[PDB]
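Some notes on the structure that comes next.
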DNA sequence: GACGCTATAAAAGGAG
DNA sequence: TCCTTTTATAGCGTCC
Ligand SMILES: [Zn+2]
Ligand SMILES: [Zn+2]
Ligand SMILES: [Zn+2]
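Listed below in structure tokens is the structure:
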């Protein structure tokens with residue numbers, strides 16, 4: 101089976117191949133946020149979101165644009181940005 | 001128009 | 001496999 105682990109909430113019913121990913125997903129239903137920022141004590145649903153968040157404190161911007169070389173704290177922001185060099189206003 | 005930021009999904013790494 | 005960590009995608013909010 102491609103994606104064995106199914107979500108128990110009948111409304112959702114999203115599928116995952118890895119069990120961790122299902123557990124992480126069920127958390128959006130339970131509202132459990134096990135990842136805590138040790139600076140402001142805010143809780144996050146994922147390690148990824150906590151890590152992206154820690155950068156807002158440290159000011160680190162590890163994502164650079166290939167075209168203009170401008171820096172960004174997150175991958176999405178960087179990727180979405182790159183698309184402005186391909187069009188006008 | 002742009003982008004800072006959180007959410008969420010999906011994949012991958014590593015150890016036993 | 002279980003658990004950790006990384007990579008990809010979707011909006012919201014706000015200032016310009
Ligand atoms: Zn669900
Ligand atoms: Zn914090
Ligand atoms: Zn650029």
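Residue numbers (the authors' numbering): 101 to 189.
No residue lacks a Cβ here, since even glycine has one placed at the ideal position from N, Cα and C.
Using a Cβ-Cβ cutoff of less than 6 Å, which residues in the same chain neighbour residue i once the five nearest sequence positions on both sides are dropped?
i           : result
residue 139 : 157
residue 143 : 133, 136
Can residue i and residue j be called in contact, C-beta distance under 8 Å?
i           : j           : result
residue 181 : residue 172 : yes
residue 179 : residue 152 : no
So, at 8 Å on beta carbons, what are the nonlocal neighbours of residue i in its own chain, with the 5 sequence-adjacent residues on each side left out?
i           : result
residue 128 : 145
Once you ignore the five residues that flank residue i on each side, which residues in its own chain have a CB closer than 7 Å to its CB?
i           : result
residue 107 : 113, 114, 122, 125, 126
residue 154 : 137
Stretch pair the region 132-150 + the region 109-118: three plus CB contacts closer than 8 Å: At 8 Å Cβ cutoff, the stretches do not touch.
Heavy atoms of ligand 1 versus C-beta positions, residues under 6 Å: Counting only heavy atoms of ligand 1, the residues whose C-beta sits closer than 6 Å to one of them are, along the chain, 107, 109, 112, 114, 125, 129.
Segments assigned alpha helix (DSSP H), at least 4 residues, entirely inside the region 102-176: Listed in chain order, the complete alpha helix (DSSP H) runs (minimum 4 residues) inside the region 102-176 are 119-130, 147-158.
Heavy atoms of ligand 2 versus C-beta positions, residues under 6 Å: With 6 Å as the limit, the residues whose C-beta approaches a heavy atom of ligand 2 more closely than that are 137, 139, 140, 142, 153, 157, in chain order.
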